[PDB]
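Asks: No sequence on hand, only this structure:
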Ligand code: HEM
Ligand code: HEM
Ligand SMILES: C[C@H](O)[C@H](O)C1=Nc2c(nc(N)[nH]c2=O)NC1
Ligand SMILES: C[C@H](O)[C@H](O)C1=Nc2c(nc(N)[nH]c2=O)NC1
Ligand SMILES: NC(=[NH2+])NCCC[C@H](N)C(=O)O
Ligand SMILES: NC(=[NH2+])NCCC[C@H](N)C(=O)O
Ligand SMILES: [Zn+2]
């Protein structure tokens, strides 16, 4: 019932009671753990309970659990569901839900900032052009001249599933990926398929290495449209090294605003299929994953060469040595240009603090170790030695099929 | 029920059917994953099934399933069980059992070597002095002057739980740890409690930074006894760096033979509480964990200073830079002294090949991602990008309580 988690470096032991309020499944079973697997419309009857569960936690959060207001609201929503087969959240409920979906995101190491989320209610939006406007405003607000501010923009909830709002991009801002005749890949291999669905749509791609993709926005279930994010709104950082002047020659740059846009936000049974959100980068995301993954910009060898390291045998740890230098470059570049960014040591330390805060004020904190531990220097960060319990709490952010595999033009 | 795992770097997808043979539990439920939790006597009733299961797997592997030999053996065992409440494994079965416990060890990244395990049958052992001798032979055989060979020595199985054989040490070779009155620790902090027990039992502690601990051996449920491993049998490697001549001045060194000695080997329902086993090190075990964990030797700062790195702000990644150099030092020193060792890049690439092979020839490979991924440079090793399924098959190696917590002292 009550589970405990120990940190093997500090001996601190926490008791988890929050998992008792878990609803959704985890992919795991008493017989098999799938903790390392990346990816393990509602009816009136289904919706009622979800809405009730949500309202209970909401009113409980405002110290009005069981109050007339609570009962009234519950009755009101109940009537609305029976009638409209769905319901609308109050602005207050919307903000609470979004903040909590972030609070409940077990794979996010940056949750100590959860309560500071800026919520942009775009539920009144009706067209793709309207979505573009809302998105540009989000980008400008969150970028804030490099002094990044977390934010989320929430478009209209799902209805019948044939009038869904969707942002086809996986991130508001990402670099293009095109398959060369050379057999190689120019730009970001991760975005080849999406890039081709755009280019196909008429996008005149400079067919370069770091070309900002266009937004492909889908409003009310209609076919998506393209738009070029005002260049003046896309903050980018040229990557150079504090010691290797040849580094800048590598010709590397990355954008400053990480804005996941293909997820689905669920609050009280309601599904918000277009809910782009953004925060700021943890260095390793760019330096380790985006730059060094073999299926991404895969730049290790080239950097190793420039460093003139013995790349004859893996045991010289040339990959490791290079990895560190690259990551030092990313952090240096961002910091130099006054753009918000956090190193993995600092971020993990704050997550440990957040976990403790969460355990005492809330009884726990769902966390996915596989995702929380940074992709480099694992055991050198405190989270590596921290036992974590992963479970699903709602409101939540969920994965959802890429639209081009569901859309019917 | 077929379960598929995908590698996100190569798109290769594998199907697992082997998990169906899993009967033990994981600690997880459909509502909570305990994948990152370190630690999530039998009766005739329960022993019969366990024995049959094992013998069936054994006879199938030798292509004699259903043979008369298979049937007679089952008959022989059950009779022996009802007759004595337990049973004895044939030599062949023990070897098969030990090899498979290794093959089924989900936290081990070195399993591509599972079939080459050298098994030493020490089931005829009756005393602690006898255990010492078997252990000395195991160390000399496994060390092989630096050309390490994997081995395991198996002492008598548990009977009534009152006559257990146990190796009180956590590893056959490990350095003492001493808590100082000023609160600091001399040596290895992970072994402070065991070191205290040794001293209490009579060990005269040299009180240095790298003192090899004495063996504390328990035979047949009796109080444990102390033995010193012949120094000439303990291979050590002074740690130096190929470019930084001051590294050697840190006075670091480590032993070459990693030999876990506190786990329990379960085969056919039988429990072998003393089953020390050894392989060879993956560099990061020493370089990242033993040397850089804050609760171990914790040398990152010192190394960092000597390298004159900006230690004012973490964003300099001075911790990361020093960590890399230290691991370069460990590999280089072992290679120079011609002592077997494998870097994490090489070991993980080998595990991926082993895992794919296992899926094809066995239908799966239980693996604990949390343990398999190296403690440094995770994503630049292939295992990071590999989805894995964690489940428990027997034969298996299991954790067991430290003996000082359960032992009934005879005096
Ligand atoms: C303020 C700075 C923030 C930091 C430093 C941070 C950091 C991280 C990191 C490093 C990851 C893993 C990224 C990856 O490997 O792809 C992550 C994942 C995630 N974060 Fe945060 N985050 C921040 C803000 C946000 C915000 C504002 C939200 C939502 C409102 C959020 C929701 C999530 C979710 C749901 C995931 C998992 C996404 C997936 O499964 O791909 N994060 N975050
Ligand atoms: C041949 C060389 C070997 C290599 C390179 C190898 C490598 C490793 C490594 C890197 C670990 C993680 C250790 C830690 O973090 O403490 C591990 C764990 C493990 N290995 Fe292997 N191993 C080898 C041989 C063996 C042998 C001979 C056996 C058994 C017969 C074995 C049984 C296990 C088990 C059961 C664990 C988990 C131990 C625990 O929970 O503390 N390994 N191995
Ligand atoms: C297979 C495995 O789940 C996958 O390679 C992982 N991806 C990620 C991870 N962690 C983060 N933060 N992001 C990932 O994409 N941990 C492991
Ligand atoms: C809490 C967490 O499970 C613990 O810190 C871990 N220990 C280890 C690990 N992996 C290995 N190989 N060895 C460990 O001791 N992964 C994580
Ligand atoms: N810190 C964040 N909000 N990250 C969101 C995902 C960004 C992704 N990991 C990237 O490297 O582009
Ligand atoms: N490769 C092995 N067999 N390792 C066994 C565990 C050794 C332990 N991790 C150590 O650093 O001492
Ligand atoms: Zn699990």
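Replies: Sure, I can see it. Numbers count the residues shown, from 1 in each chain, chains lettered A, B, ... in the order given. Ligands and ions are numbered 1, 2, ... in the order given.

Asks: so how many other residues sit close to the closest residue to ligand 6 within chain A?
Replies: Closest contact between chain A and ligand 6, by C-beta to the nearest ligand atom, is at residue A:379 (11.5 Å). Heads up, the C-betas are built off the backbone N, CA and C, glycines and all. Neighbour count for residue A:379, taken as other C-beta atoms under 10 Å in any protein chain shown: 21.

Asks: Phi and psi next, for it.
Replies: The phi/psi pair for residue A:379 (degrees, to the nearest 10) reads phi -70, psi 0.

Asks: go on, residue A:353?
Replies: According to degrees, to the nearest 10, residue A:353 has phi -60, psi -40.

Asks: Which residue, other than its chain neighbours, is closest to it?
Replies: Among residues not flanking residue A:353 along the chain, residue A:112 sits closest, at 6.4 Å (C-beta to C-beta, 6 or more residues apart in numbering or on different chains).

Asks: Quick one: neighbours of residue A:74, just the number.
Replies: By other C-beta under 10 Å, 16 other residues sit near residue A:74.

Asks: and the residue positioned nearest the centre of chain A, bridged to which residues?
Replies: With distances taken as C-alpha atoms, centre = their mean, residue A:260 lies nearest the centre of chain A, 4.6 Å away. Per DSSP bridges, the residues bridged to residue A:260 are residue A:171.

Asks: returning to what we had before: quick check: the residue nearest to residue A:353 is in a helix.
Replies: Yes - under DSSP: H, G, I helix; E, B strand; the rest coil, residue A:112 sits within a helix.

Asks: That one: what's it in contact with?
Replies: Residues in contact with residue A:112 (C-beta atoms under 8 Å, 6 or more residues apart in numbering or on different chains) are A:350-351, A:353-354, A:357.

Asks: isn't the residue of chain A closest to ligand 6 right up against residue A:385?
Replies: Yes - applying C-beta atoms under 8 Å as the test, residue A:379 and residue A:385 come out as touching, 7.1 Å apart.

Asks: tell me which residues in stretch A:377-390 are buried?
Replies: Neighbour counts using 16 or more other C-beta atoms under 10 Å in any protein chain shown place A:377-390 of stretch A:377-390 among the buried residues.

Asks: circling back: the residue nearest to the centre of chain A and residue A:367, how far apart?
Replies: From residue A:260 across to residue A:367, the span is 18 Å (C-beta to C-beta, to the nearest Å).

Asks: Over to residue A:387?
Replies: 9 Å.

Asks: Same question for residue A:107.
Replies: Residue A:107 sits 8 Å away from residue A:367, going by C-beta to C-beta.

Asks: quick one: which of these two has more around it?
Replies: residue A:367 (27 against 14).

Asks: Please name the spatially closest residue to the more buried one (chain neighbours excluded).
Replies: What sits nearest to residue A:367 in space, not counting adjacent residues and going by C-beta to C-beta, 6+ apart, is residue A:388, at 3.9 Å.

Asks: So for stretch A:69-89, what gets flagged as buried?
Replies: Buried positions in stretch A:69-89, judged by neighbour count with 16+ other C-beta under 10 Å: A:70, A:73-74, A:77-78, A:81, A:86-87, A:89.

Asks: Get me the contact residues on the stretch 301-409 of chain A for ligand 1.
Replies: Counting by C-beta under 6 Å from any ligand atom, the residues of the stretch 301-409 of chain A close to ligand 1 are A:342, A:347, A:371, A:397.

Asks: picking that back up, got the contact list for the residue nearest to residue A:367?
Replies: Residues counted as contacts of residue A:388 (C-beta under 8 Å, 6+ apart) are A:5, A:355, A:367-369, A:372, B:36.

Asks: restrict these to those near ligand 4?
Replies: Applying C-beta under 6 Å from any ligand atom to the contacts of residue A:388, those adjacent to ligand 4 are residue B:36.

Asks: Please flag which of the contacts of residue A:388 sit within strands.
Replies: Secondary structure from DSSP state E places residue A:5 of these in strands.

Asks: Can you verify my assumption that residue A:297 contacts residue A:290?
Replies: Yes - using C-beta under 8 Å, residue A:297 is in contact with residue A:290, at 6.2 Å.

Asks: now the closest residue to ligand 3 within chain A, nearest residue through space, not along the chain?
Replies: Nearest residue of chain A to ligand 3, counting by C-beta to the nearest ligand atom: residue A:371, 3.8 Å away. Spatial nearest neighbour of residue A:371, chain neighbours left out: residue A:107 (3.9 Å); criterion: C-beta to C-beta, 6+ apart.

Asks: Check residue A:157 too.
Replies: Per C-beta to C-beta, 6+ apart, closest to residue A:157 is residue A:270, 4.8 Å.

Asks: okay, now that neighbour: neighbour count?
Replies: 22.

Asks: same thing with the one 5 residues further on?
Replies: Residues lying near residue A:275 (other C-beta under 10 Å) number 25.

Asks: same check, this time on the one 3 residues further on
Replies: The number of residues packed around residue A:278, counting by other C-beta under 10 Å, is 24.

Asks: What of residue A:392?
Replies: The tally of other residues near residue A:392 (other C-beta under 10 Å) stands at 20.

Asks: so what's it up against?
Replies: So residue A:392 contacts A:22-26, A:104, A:106, A:366, B:31 (C-beta under 8 Å, 6+ apart).

Asks: residues touching the closest residue to ligand 2 within the stretch 51-200 of chain A, list them.
Replies: Going by C-beta to the nearest ligand atom, ligand 2 is nearest to residue A:109 of the stretch 51-200 of chain A, at 22.7 Å. Neighbour list for residue A:109: A:282, A:347-348, A:351, A:371-372, A:383 [criterion: C-beta under 8 Å, 6+ apart].

Asks: how about 10 Å then?
Replies: A:282, A:342, A:344, A:347-348, A:350-352, A:354, A:367-368, A:371-374, A:381, A:383 (C-beta atoms under 10 Å, 6 or more residues apart in numbering or on different chains).

Asks: and if you look at residue A:217?
Replies: Contacts for residue A:217 (C-beta under 10 Å, 6+ apart) come out as A:125, A:127-132, A:134-135, A:155, A:165-169, A:224-227, A:261, A:274.

Asks: Tell me which of those fall in helices.
Replies: Members of the contacts of residue A:217 lying in helices (criterion: DSSP state H): A:128-132, A:134-135.

Asks: Please, a PyMOL command that selects the buried ones among these?
Replies: The PyMOL command for the buried members of these (criterion: 16+ other C-beta under 10 Å) is given here:
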select buried, chain A and resi 128+130+131+132+134+135
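
Asks: How about the residues of chain A by ligand 3?
Replies: Residues of chain A lying close to ligand 3 (C-beta under 6 Å from any ligand atom) are A:36, A:38, A:370-371.

Asks: Could you report the neighbour count for the closest residue to residue A:342 other than its chain neighbours?
Replies: In space, and not counting its chain neighbours, residue A:342 is closest to residue A:282: 5.2 Å by C-beta to C-beta, 6+ apart. By other C-beta under 10 Å, 23 other residues sit near residue A:282.

Asks: hang on, isn't residue A:282 packed against residue A:349?
Replies: No - at 11.8 Å, residue A:282 and residue A:349 do not qualify as touching, with contact defined as C-beta atoms under 10 Å.
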